[PDB]
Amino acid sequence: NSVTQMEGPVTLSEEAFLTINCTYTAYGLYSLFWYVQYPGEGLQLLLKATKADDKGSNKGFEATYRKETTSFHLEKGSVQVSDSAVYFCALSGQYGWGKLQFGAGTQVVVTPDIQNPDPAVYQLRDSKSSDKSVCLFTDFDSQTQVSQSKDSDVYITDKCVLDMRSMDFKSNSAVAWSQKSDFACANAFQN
């Protein structure tokens, strides 16, 4: 493929500068594009540049068609959590009339800045069946690494960011669960 883009994921906090590198091999009067795929959604155009030295701009993202360096780097000055997505560099050959040729995609994970961590582990019971239960690790800062499980009977998800918009509040959490009856939340998460 003639479109090579940065291997991801790229992980950075809200307000940090984002750069996704993209290089290409092309001929004549090609056109360059950046597509974005938000979680659970289809692909859609983010920005485009049809002619050399054209800068494509959208919602703070920008990419400049730079012939002489064979580049279409995606930059955004100040990322927001909602920018977490997969970004695809793309090239229309046949002098800008051809099919999009895509890079492999670069996942961006934008982490919330938690200034007031209240890291804790809780146990929640099932609303139907009190005996089944789940563990919740939450309110930890974004630099905290959640250990993967070393037990096949114990499942631990990756971290996930929720945003309570009505209260300008973001928090990290991860979940763990098991069939074992002797299942202890304190153990699931390495303290």
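Residue numbers here begin at 1 and follow the sequence given.
Mean CA temperature factor is higher for 128 to 136 when stretches 128 to 136 and 25 to 33 are set side by side in the entry. Judged by mean Cα B factor in the deposited record, 178 to 186 ranks above the other of 14 to 22 and 178 to 186. By the numbers in the PDB entry, the CA B factor is greatest at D153 among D153, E62, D163, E41.
Annotation for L46: C-alpha temperature factor in the lowest third relative to the rest of the modelled chain, per the entry.
Ranked against the other modelled residues of its chain, the C-alpha B-factor of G77 as given in the entry falls in the middle third. Sort the chain's modelled residues by C-alpha temperature factor and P119 lands in the middle third, per the entry.
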